[PDB]
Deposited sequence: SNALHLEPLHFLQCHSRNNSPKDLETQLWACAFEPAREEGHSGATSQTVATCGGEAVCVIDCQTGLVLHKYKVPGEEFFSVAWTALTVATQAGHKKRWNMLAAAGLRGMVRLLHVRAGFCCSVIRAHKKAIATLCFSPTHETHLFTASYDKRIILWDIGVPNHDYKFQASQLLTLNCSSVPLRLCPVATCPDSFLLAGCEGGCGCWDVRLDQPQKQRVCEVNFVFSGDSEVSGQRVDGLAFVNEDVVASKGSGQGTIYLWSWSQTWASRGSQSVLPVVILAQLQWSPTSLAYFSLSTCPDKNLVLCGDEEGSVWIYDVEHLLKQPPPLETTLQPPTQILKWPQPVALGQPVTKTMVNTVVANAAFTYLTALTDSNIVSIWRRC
């Protein structure tokens, strides 16, 4: 336990039919709330939004209490994302999934402000611009990524959303990731068919845009054209990305890759290092990062969290994790939950709280 992490809570709060027996609902996404005041980093945020089944929960990591819950019959929520708006700061929570609708929650006030019918198919994931807090990307099974401006809320807390760009994908988009050094100019997306970069500059005049560069990670025909289901920046230049069935997380340089590009629409990335991850062929284990601590985080099919401190690596063969945080088999209904999978793992920016979501209707909360 080199990172000195301890399990704090295992919350069963997305249960179907309000049942204590639900140890099966898949939890799909989680996101720490920003600071509640402008100018604060929010790095020690201890409030996390989670979604799964018909529900979005907002949880205090410290106490484990569910502060807020939003439930929509017949929805299946796949993605949550926060944005800090200036109205005084309002922390808005966007939630979406099966129904193709973005539901904008004013959490503190206790209600859903507005709903955007963004797609006619499910939304796989949502992502706000870090710099233009009203700009929202929605990625859908209709093989589009749409960039929205949700606008300012009117006096009665209503939003009038407009469409800024449509990004056309050759396969379903799974994971969104703005380019760290130019997040309103280029967007990365991990898709069922690999990882791409789209030009999202609004000063270019085309409104429907195909991928500018499709990336290549391996010359192995066994992996060519395979999904990229985890994608995040470890620091301003270095991207961590992965697919399934490869036992590997790739660390690559945005700047060196982009510099090599020219006009090529298909481009091998400049790889900096490769990390050993689980060998599972199972799909949709996403990764995340904690840049301030130089960490990559990725759950696996046994419910472990692989943790990599890549500082020394990136300053100077598959590299091993720094720590593998095993599933601690907490007791439910008096019996150990001996098996689960952790498909999403997210830490606050200071790495004082870590949340690991399972396929067992359990939100795992660890403290450092």
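A.B. asks: Would you list the gaps, meaning deposited-sequence stretches without C-alpha coordinates, in the order they occur?
C.D. replies: Missing C-alpha atoms (numbering from 1) occur across the ranges 1, 89-95, 325-330, 383.
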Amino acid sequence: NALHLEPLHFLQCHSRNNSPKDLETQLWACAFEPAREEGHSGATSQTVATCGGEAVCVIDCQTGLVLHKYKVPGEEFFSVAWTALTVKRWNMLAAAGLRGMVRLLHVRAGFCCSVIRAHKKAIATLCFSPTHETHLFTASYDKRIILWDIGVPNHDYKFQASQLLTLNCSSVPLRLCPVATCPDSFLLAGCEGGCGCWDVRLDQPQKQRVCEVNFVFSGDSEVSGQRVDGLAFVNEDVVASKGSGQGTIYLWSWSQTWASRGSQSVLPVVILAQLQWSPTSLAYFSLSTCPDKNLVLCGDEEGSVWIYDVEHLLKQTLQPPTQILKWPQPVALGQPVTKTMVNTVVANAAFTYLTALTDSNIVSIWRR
From here on, numbers count along this sequence of modelled residues.
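A.B. asks: As stated in the PDB record, which stretch has the larger average Cα B-factor, 215-223 or 285-293?
C.D. replies: Looking at the record's C-alpha B-factors, the answer is 215-223.
A.B. asks: Pick between 274-282 and 107-115: the one whose mean CA B-factor in the entry is higher.
C.D. replies: According to the entry, 107-115 carries the higher average C-alpha B-factor.
A.B. asks: Could you tell me which one of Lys121, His135, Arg175, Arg201 shows the highest CA temperature factor in the PDB record?
C.D. replies: Top of the list by C-alpha B-factor: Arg201.
A.B. asks: Identify, among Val269, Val239, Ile146, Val152, the residue whose C-alpha carries the highest B-factor in the deposited PDB entry.
C.D. replies: By C-alpha B-factor in the record, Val152 ranks first.
A.B. asks: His9: which third of its chain by C-alpha temperature factor?
C.D. replies: Its C-alpha B-factor belongs to the highest third of this chain's values.
A.B. asks: Could you say whether, by C-alpha temperature factor, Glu38 belongs to the lowest, middle or highest third of its chain?
C.D. replies: Ranked within chain, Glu38 CA B lands in the highest tercile.
A.B. asks: Lowest, middle or highest third of the chain for the C-alpha temperature factor of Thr248?
C.D. replies: CA B-factor rank for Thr248: lowest third.
A.B. asks: Per the entry's values, where does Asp142 land by CA temperature factor relative to the rest of its chain, in the lowest, middle or highest third?
C.D. replies: Answer is middle: the recorded C-alpha B-factor places it there.
A.B. asks: How does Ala96 rank on Cα B-factor within its chain, lowest, middle or highest third?
C.D. replies: Its C-alpha B-factor belongs to the lowest third of this chain's values.
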